[PDB]
Amino acid sequence: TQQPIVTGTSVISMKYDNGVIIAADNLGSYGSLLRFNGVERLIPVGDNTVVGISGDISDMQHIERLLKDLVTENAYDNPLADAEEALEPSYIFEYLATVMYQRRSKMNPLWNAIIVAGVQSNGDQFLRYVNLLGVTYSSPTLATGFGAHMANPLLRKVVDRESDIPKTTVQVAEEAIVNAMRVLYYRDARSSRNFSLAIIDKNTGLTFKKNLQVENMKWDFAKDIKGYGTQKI
Amino acid sequence: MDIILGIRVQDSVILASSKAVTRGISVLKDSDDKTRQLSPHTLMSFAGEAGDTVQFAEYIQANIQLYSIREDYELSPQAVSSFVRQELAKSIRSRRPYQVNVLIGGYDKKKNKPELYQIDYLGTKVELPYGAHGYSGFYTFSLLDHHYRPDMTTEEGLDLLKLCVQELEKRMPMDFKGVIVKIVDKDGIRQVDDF
Amino acid sequence: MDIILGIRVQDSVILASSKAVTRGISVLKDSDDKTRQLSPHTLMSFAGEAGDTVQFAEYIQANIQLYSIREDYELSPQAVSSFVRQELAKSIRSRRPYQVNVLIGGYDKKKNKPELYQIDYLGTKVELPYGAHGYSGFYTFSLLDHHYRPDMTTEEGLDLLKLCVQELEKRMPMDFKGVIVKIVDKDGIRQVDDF
Amino acid sequence: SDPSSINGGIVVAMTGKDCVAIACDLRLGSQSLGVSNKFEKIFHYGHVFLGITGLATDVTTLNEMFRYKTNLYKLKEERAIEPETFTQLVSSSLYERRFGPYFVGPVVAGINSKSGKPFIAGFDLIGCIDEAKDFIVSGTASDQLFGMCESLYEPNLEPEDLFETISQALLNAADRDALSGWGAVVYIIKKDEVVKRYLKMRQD
Amino acid sequence: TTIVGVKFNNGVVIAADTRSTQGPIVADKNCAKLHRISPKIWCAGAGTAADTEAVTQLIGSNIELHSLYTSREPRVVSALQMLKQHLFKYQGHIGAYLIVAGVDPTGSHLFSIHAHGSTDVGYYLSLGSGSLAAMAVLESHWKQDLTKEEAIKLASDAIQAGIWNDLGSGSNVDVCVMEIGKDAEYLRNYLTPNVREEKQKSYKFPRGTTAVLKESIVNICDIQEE
Amino acid sequence: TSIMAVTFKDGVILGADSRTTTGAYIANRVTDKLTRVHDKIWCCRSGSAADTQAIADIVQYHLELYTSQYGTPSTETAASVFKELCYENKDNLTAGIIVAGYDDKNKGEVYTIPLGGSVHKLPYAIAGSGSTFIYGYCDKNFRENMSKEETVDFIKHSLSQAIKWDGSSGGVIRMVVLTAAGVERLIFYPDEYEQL
Amino acid sequence: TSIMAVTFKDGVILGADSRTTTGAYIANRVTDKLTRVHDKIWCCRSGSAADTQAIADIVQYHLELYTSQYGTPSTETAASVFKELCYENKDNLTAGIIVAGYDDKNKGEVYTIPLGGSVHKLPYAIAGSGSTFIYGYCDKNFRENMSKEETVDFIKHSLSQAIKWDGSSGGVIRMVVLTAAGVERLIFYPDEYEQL
Amino acid sequence: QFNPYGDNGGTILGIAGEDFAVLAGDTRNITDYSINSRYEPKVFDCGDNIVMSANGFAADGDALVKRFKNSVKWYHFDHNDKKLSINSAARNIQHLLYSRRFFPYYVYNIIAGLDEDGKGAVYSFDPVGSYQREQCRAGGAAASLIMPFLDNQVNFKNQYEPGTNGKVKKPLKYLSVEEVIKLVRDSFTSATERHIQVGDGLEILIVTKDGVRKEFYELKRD
Amino acid sequence: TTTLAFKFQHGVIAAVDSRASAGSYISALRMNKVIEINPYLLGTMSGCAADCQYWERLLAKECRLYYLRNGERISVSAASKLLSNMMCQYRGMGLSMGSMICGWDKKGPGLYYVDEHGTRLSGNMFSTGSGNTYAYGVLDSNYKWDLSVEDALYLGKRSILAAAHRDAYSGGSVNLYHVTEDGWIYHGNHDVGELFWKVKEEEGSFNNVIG
Ligand SMILES: [Mg+2]
Ligand SMILES: [Mg+2]
Ligand SMILES: [Mg+2]
Ligand SMILES: [Mg+2]
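Residue numbers (the numbering used here), protein chains in the order written: chain D, 3 to 235; chain A, 3 to 197; chain G, 3 to 197; chain B, 187 to 390; chain V, 49 to 274; chain R, 32 to 227; chain L, 32 to 227; chain U, 472 to 693; chain H, 15 to 225.
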């Protein structure tokens with residue numbers, strides 16, 4: 003049993019017609035202190051999977067190394083490591099999900115909430131969640147922490163059920179994700195303006211976007227707000 | 003001060019109450035009478051926290067005796083029980099409640115009927131053919147449920163009461179030093195001196 | 003399983019042990035024998051936490067019976083008591099101690115002397131002319147201090163024991179359902195079937 | 187310990203066509219011990235019926251309180267109180283003990299003598315009003331009652347059909363509650379006649 | 049619970065869901081969370097439901113008396129000030145979390161009030177367990193110079209977000225529109241997107257199914273003449 | 032919260048962020064923490080919003096009544112009323128207030144009233160959860176008798192850093208300028224102050 | 032405690048105060064918190080002195096053994112050994128360490144290892160109880176590729192403020208300069224840095 | 472402090488017919504007041520004509536189901552591809568559960584299938600391993616809402632025959648699969664109305680001698 | 015819960031209720047609280063049903079293995095002791111079990127009470143559960159050794175009824191068992207609701223209850 007120290011907030015994601023999108027801000031908070039501003043919390047595994055992690059950063063760095071070791075180990079005595087026997091999103095997830103549940107079963111968890119996003123060999127979209135308890139679930143939209151409360155409602159307006167996925171384009175999905183990240187910046191006290199976004203498409207592959215910023219913000223209406231009730235000046 | 007039983011038969015109410023009083027690990031008394039006469043035809047037995055029981059009982063007694071003198075009239079057992087209930091319901095939300103459970107055995111001279119009321123320290127009142135407080139009912143109610151009739155004589159009620167006490171004496175861990183038995187009927191209140 | 007008394011008279015040791023066993027608010031048994039014969043001339047009575055008492059007693063019994071067979075010889079009451087003490091002293095610093103108090107009444111055939119040992123669950127051993135565990139001594143020791151002689155007969159010891167039980171029955175809040183009395187002398191161990 | 191579940195008991199109320207129904211079990215206990223099988227939890231003040239679950243002493247106390255208040259209401263207003271008005275009185279009376287509440291779950295039932303409109307209402311312990319069209323539940327088996335009522339109930343039932351519906355809702359809910367049962371009473375209420383029926387049920 | 053408030057061109061609109069819960073159980077599926085303080089001052093309440101009513105009634109009573117005394121129409125700042133001073137006094141023990149909105153001779157106003165007594169001003173607000181779902185919608189679609197129709201749309205869309213996404217919120221959407229120089233229009237069940245589907249079976253019993261022990265007529269009438 | 036009040040040549044300027052949090056949720060991102068208790072006596076509030084609002088309202092009432100009887104009160108007098116409330120009710124309050132005001136006689140003055148209810152007159156004062164991160168910056172960059180533009184830049188730069196590091200602080204930077212000329216409100220948005 | 036490590040053009044400089052407290056008592060006013068784990072790899076220690084000393088000793092042992100087998104280790108490698116100890120034993124440790132070192136290939140590098148056992152490579156790092164007060168100052172005044180004299184002034188000024196505000200920090204300012212030229216120790220006394 | 476357990480809500484229901492059996496459960500997964508998924512299957516086909524649902528803490532439920540499916544696999548290997556009877560599966564699961572008596576699988580489990588005589592069967596478990604065969608059993612969040620209804624409409628409890636007035640009970644006539652499915656749907660529709668953790672969708676698995684069949688129905692999404 | 019068992023002239027009777035509760039909610043109306051260890055041995059169940067089921071089924075294993083090794087049926091005394099010894103291993107770990115072991119062996123009919131504490135008591139009559147006090151009252155006042163099988167069955171049946179009525183956590187149905195030297199004989203499941211009214215009429219008891 004522990005307590006998280008350096009933490010990473012929401013990770014948000016959704017499925018669209020040809021793939022998945024996932025995003026997460028570049029902040030490593032130390033309680034209320036916004037300590038580290040250059041933290042990458044989206045970690046690609048090969049060219050078909052991106053693992054987004056929230057929660058304890060030291061545990062994230064540990065998981066990051068497990069995945070890096072997983073890639074190395076898969077290549078061992080494997081002539082088809084860059085082909086038919088390459089790592090799949092479902093393999094990577096199930097491995098993590100096994101580790102998370104085992105760690106909680108020893109009462110020494112990895113204090114994280116993880117979302118594995120990717121595209122399978124047959125072109126199917128993969129999006130599934132797992133956390134420190136070893137709890138798993140899948141949905142057209144997934145988000146961790148605050149994203150679960152604020153992002154999902156917005157993303158579910160685009161893809162409310164499974165049948166909406168083919169109707170949703172990458173431009174619409176990316177737009178919804180980017181809007182959600184802006185909302186989280188407005189309302190999550192442990193968020194940052196800077197974030198990373200990754201798209202895994204079954205045609206165009208893995209597009210990893212770094213150094214993104216929340217833009218088109220509304221603040222001007224603040225000038226008119228005065229006092230807390232009766233004050234006019 | 004834990005065991006108090008009551009049984010309403012044809013023409014009387016019988017109250018049985020233990021004789022033991024314990025302070026610490028020592029039984030101080032084995033002849034304690036856990037009862038007060040509220041009026042000539044109304045008897046109240048009591049059990050609960052030390053001190054509170056007698057103080058409450060005597061306070062009720064004083065109030066009923068005051069009423070009796072003021073109106074030159076004996077209140078019905080029902081009226082007395084309602085007064086007592088209100089006092090306990092009043093007491094439960096006080097700064098320091100009176101932790102007292104009571105049985106009120108009375109003979110209504112107007113209706114010519116015996117009446118037994120069971121009231122706990124919260125002010126929970128119920129009229130019953132037979133009743134008890136604390137764990138007393140756990141041992142005795144199965145026997146009373148089986149043997150009790152509403153047309154029982156006083157002598158049959160006493161025999162059923164003896165069986166209830168014998169079961170208590172067998173299966174209860176605590177020694178309550180037997181019981182004092184009192185009968186409430188049309189002629190008033192009397193004590194069964196051999197039980 | 004709370005009351006165990008012992009008294010060493012001229013030519014024998016007498017152990018008196020209550021018959022009650024209580025689970026929750028119900029007395030399950032009123033004929034329980036809280037004793038084990040360790041050897042032909044050594045008897046051990048016991049009291050403490052439920053389960054531990056019998057398990058410990060039987061474990062000791064097995065060990066003494068094993069010794070008896072191996073050496074074709076009966077250990078002295080002193081030797082047995084020392085063995086028992088060590089086991090309890092060992093037990094008190096264990097992960098889960100055995101919460102058991104014992105009295106060991108034995109007749110030493112070599113010295114031709116009765117011997118009573120009192121050992122509590124900590125491994126506190128004392129040889130006494132009379133002993134008890136828990137609160138039993140609080141009621142009985144004043145009588146034993148007054149009436150006890152070392153030249154008492156077995157019959158006088160039993161009479162003094164009856165007085166101790168009567169005082170317990172009067173002033174103890176708990177009903178322990180009387181006692182089983184056993185005598186340990188040169189001829190071995192026997193039970194007094196009327197007490 | 188939990189005051190709302192020491193004595194046990196349930197009440198349920200339903201609306202029908204030009205009628206209402208209110209029903210209650212008869213049990214009173216001290217946790218595991220059954221004490222009385224004649225502890226009725228429904229009372230009436232004129233043509234307004236009030237069912238009260240929860241701590242028995244408060245049930246008795248509140249009945250005596252509302253008897254007091256409705257008797258004065260009538261002397262001053264020169265008319266019997268109506269269910270809508272009484273509902274507000276119960277709410278008011280409970281909230282005046284906001285920080286020392288009565289541990290109860292009241293249920294009002296009746297028919298407005300002027301409009302003829304059926305009325306039922308439920309409250310929490312500090313008087314929050316739930317004015318439902320369909321049914322109201324209260325007690326230790328409220329979850330069970332919600333489940334029965336939600337499936338058995340249908341609107342605009344006739345008096346003799348409503349009786350069967352409410353009776354079965356109560357009975358089967360009580361048979362899944364350790365602290366409810368030992369008998370049951372049902373009131374069938376119409377604008378100028380009320381029938382009270384005691385039900386036969388298992389006594390365990 | 050999910051309640052919101054949205055300012056617009058010539059007034060203000062508030063909205064709320066209709067679900068009331070006791071833990072995970074739904075006590076009432078069509079609760080009324082929009083309360084009237086005065087004709088053109090309405091509030092929506094979250095938190096302890098008996099407290100949101102009690103406090104809204106009390107202040108509404110005193111507001112009405114104040115209006116009669118001063119021969120003036122009540123102001124929102126008056127309700128706001130009376131509410132917060134009452135709530136502050138009880139140090140959060142009165143679990144009332146309110147959004148107060150209305151129009152008065154001064155103009156149109158929108159405030160929020162927390163149980164400890166703190167107040168806030170804004171053009172758009174949300175409160176309750178579904179406030180985060182609602183606020184997400186408000187932050188995505190709110191703009192300056194909204195029209196009455198745009199504001200009602202935004203308001204009800206924000207409540208819907210709570211209905212669907214929050215387990216503590218559900219059933220229907222209530223709305224009240226308070227425009228300047230007009231009567232306030234209370235739109236009970238403005239939206240009804242959660243009607244129960246027809247059941248597969250009728251559970252109407254045959255008459256005589258229930259076992260009966262006794263029957264009797266209950267005398268509800270008074271003591272009769274003659 | 033991040034708040035500060037700074038005296039300069041022509042008077043005094045109050046500065047504040049606009050974020051109010053309930054845990055990690057931003058309950059209000061456009062809060063006005065610059066509160067008026069008199070024409071040219073304002074305060075910056077930190078701590079329990081309920082407590083600081085209730086205090087400020089009572090103070091405004093006292094100074095309004097003072098003015099009716101004895102004319103315009105001093106900034107010192109205002110600070111004394113704040114202190115009297117905060118000190119006598121310290122067991123039931125969580126309020127960290129900075130009082131700033133302009134007289135013609137005394138000019139710009141700043142008083143800080145921390146948790147205990149003590150009073151401290153200062154050239155400038157900082158407070159709130161985000162003040163911790165700018166103690167060094169503010170100590171190094173403060174000068175007495177700065178110009179209006181210099182003081183605005185100082186507050187803007189300071190709160191910019193407090194916002195940067197403190198998660199409890201953020202939103203816009205509000206400022207209120209108190210001089211002989213009158214009362215001027217200023218506002219600075221994220222795109223302006225973040226790039227400093 | 033107040034500690035920091037800053038990279039510059041020619042390499043890296045570690046800086047620290049010298050105060051160790053047991054409550055409000057200063058147990059040691061001349062502590063050396065700048066610890067050597069290898070010739071040109073040093074660390075700054077914060078947290079439990081027992082824990083940080085035990086860790087630093089084990090690390091020094093690992094790097095000494097590493098050097099015997101594989102030659103001079105990298106600063107990254109040193110940080111990894113620190114991390115491995117701090118992460119795997121996080122339940123029983125209270126250590127906040129900054130690792131700084133000089134390679135000829137990589138030049139000056141700084142790694143910070145906070146409580147959890149995470150690692151963060153940075154241009155500069157600050158830590159200790161007194162670091163809180165200089166987040167703003169350090170962010171505003173840091174530049175990349177400073178000269179030795181500029182970097183010494185930056186550290187001196189920064190820790191000066193940390194000491195000024197933090198009661199847990201004080202004494203002298205120790206510094207260690209790591210360059211191709213070698214290892215230079217510096218010290219600055221109160222009369223020097225207090226008047227800054 | 473770390474709490475290894477959690478509550479993912481959900482409600483399940485198993486009913487045994489004369490020659491069939493059903494195991495139903497909602498598809499909603501939740502934590503606290505948030506929805507995780509509107510469609511996260513909870514009832515599984517484990518093979519050998521057995522269906523299973525572990526309701527409660529999803530992680531332990533997924534682990535138990537995973538283990539049982541594995542126990543079926545190894546039963547085939549070890550015993551010459553013999554079919555695992557429903558009663559044998561039940562006893563096996565008891566031992567899977569009791570292996571964690573001191574750190575249980577926080578789930579109430581149900582399995583359904585056919586016995587060796589071809590009759591419908593449902594077995595119900597508690598978190599620690601006790602089990603027993605039943606005709607009707609609802610488990611999970613809204614179990615208390617549903618079970619009274621089933622006592623009434625399946626076993627005809629408290630229902631007597633008109634005219635006799637409580638002297639003659641309503642006879643226990645067998646129910647058809649279509650009749651059972653109606654009671655299942657009405658059970659979940661009612662539960663959805665009054666329980667916040669129940670909703671989104673209903674998935675039913677029907678077991679007959681012909682095999683396992685699925686049926687899905689929408690539920691309210693509020 | 016309510017369970018009892020007693021020895022008599024022609025063997026031992028074992029009677030139990032059928033209710034299971036999760037707080038106030040009745041989770042089970044029909045729960046088998048008797049464990050058919052083997053054709054000559056019965057076990058009651060009190061407390062954790064899991065622990066009762068597991069350990070008593072494990073006892074059955076040991077009793078069967080005993081018979082195979084020794085070619086002779088195990089005694090009730092030995093069987094009861096194997097069980098108590100299993101309990102003593104998880105002494106303090108949190109098991110909850112209260113069971114009477116009923117059987118017939120060489121020494122005649124046998125009855126032993128065994129609880130998680132490792133306690134092991136021989137006796138003619140036992141009763142466990144939240145409603146044991148009610149059951150004891152009926153038993154103590156009507157029990158004889160000279161009882162007929164018919165009367166004895168009724169006694170155990172009636173004693174559970176007494177508990178089912180008064181105890182809130184006892185009820186549902188009554189399961190009867192009669193243990194002979196040729197093995198145990200099941201005497202059916204008896205709904206309490208139906209049994210109550212039946213007994214009330216025939217016996218005249220429960221006068222206070224209206225029917
Ligand atoms: Mg019962
Ligand atoms: Mg240490
Ligand atoms: Mg210092
Ligand atoms: Mg909802």
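Every residue gets a Cβ at the ideal spot worked out from N, C-alpha and C, and that includes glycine.
Note the first and the last residue of the continuous alpha helix (DSSP H) segment covering residue i.
i, result
"L/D82", "80–101"
"V/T104", "97–118"
Can you tell me which of the options puts its alpha carbon nearest to the alpha carbon of residue i?
i, options, result
"B/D310", "B/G232, B/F229, B/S218, B/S279", "B/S279"
"U/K691", "V/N242, V/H164, V/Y234, V/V221", "V/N242"
"V/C79", "B/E268, B/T246, B/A307, B/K262", "B/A307"
Residue range of the beta strand (DSSP E) that residue i falls in?
i, result
"R/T52", "51–53"
"H/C116", "112–119"
"D/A145", "143–145"
Establish whether the CB of residue i and some CB of chain B are separated by less than 8 Å.
i, result
"A/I182", "no"
So, is the C-beta of residue i closer than 8 Å to a C-beta in chain A?
i, result
"H/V152", "yes"
Give me the Cβ distance between residue i and residue j, rounded to the nearest whole Å; I'm assuming they're in contact under 8 Å.
i, j, result
"U/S570", "U/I581", "U/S570 to U/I581, Cβ: 19 Å. No contact."
Chain D contacts made by the stretch 81–109 of chain R, where a contact means CB separation under 7 Å: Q84
Interface positions of the stretch 33–53 of chain R facing chain L (Cβ-Cβ less than 8 Å), listed along the chain: none
The stretch 325–348 of chain B: positions lying closer than 9 Å to chain H by Cβ: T326, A327, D329, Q330
Residues of the stretch 148–172 of chain R with Cβ closer than 7 Å to any Cβ of chain D, in chain order: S160
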